[PDB]
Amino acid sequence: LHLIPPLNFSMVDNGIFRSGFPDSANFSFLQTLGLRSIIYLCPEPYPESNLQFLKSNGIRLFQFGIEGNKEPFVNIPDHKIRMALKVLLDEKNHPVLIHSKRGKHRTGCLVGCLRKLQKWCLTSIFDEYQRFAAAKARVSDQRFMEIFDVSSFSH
């Protein structure tokens, strides 16, 4: 028993995964997914370890750096989530891993906005968000999803 999925790893949909920050102990597991892309939601530069992994596996890195904030001073930037959604919705980029640091807040908001585009009721989106965020669930993340306007992605 030798494969180690990254922190808070899950399959979201066909070709879409979510996690926290992968380390070298997770690389043999991530190889089994045949990733084409990573959507990385933190502003910090990617470590050399991770860069060598992407190069060796032909994985494209999309970075939309969202600053970590604490409640009640959270300000999730709409523009970054929408740039990440544009990448996520293009099947040419699949399989894709979405990750942040913990895979709960930034990752949770992006997945919740995908669920809204997939026409899930808000209570079902919030339930999935809360399952990953657990004791760190933020009302501000769920409020962001509540008011997210799908109009410009509806097509």
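Numbers follow the displayed sequence, beginning with 1.
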{"property": "25 to 33 versus 118 to 126 - which carries the larger mean C-alpha B factor in the record", "result": "25 to 33"}
{"property": "Among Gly112, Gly103, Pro45, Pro95 - the residue whose C-alpha B-factor is largest in the record", "result": "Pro45"}
{"property": "Assigned third (lowest, middle, highest) for the C-alpha B factor of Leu51", "result": "highest"}
{"property": "Chain third (lowest, middle, highest) by recorded CA B-factor, residue given as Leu89", "result": "highest"}
{"property": "For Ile39, the third of its chain into which the C-alpha B factor falls", "result": "lowest"}
{"property": "Third assignment of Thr107 from its chain's C-alpha B-factors", "result": "lowest"}
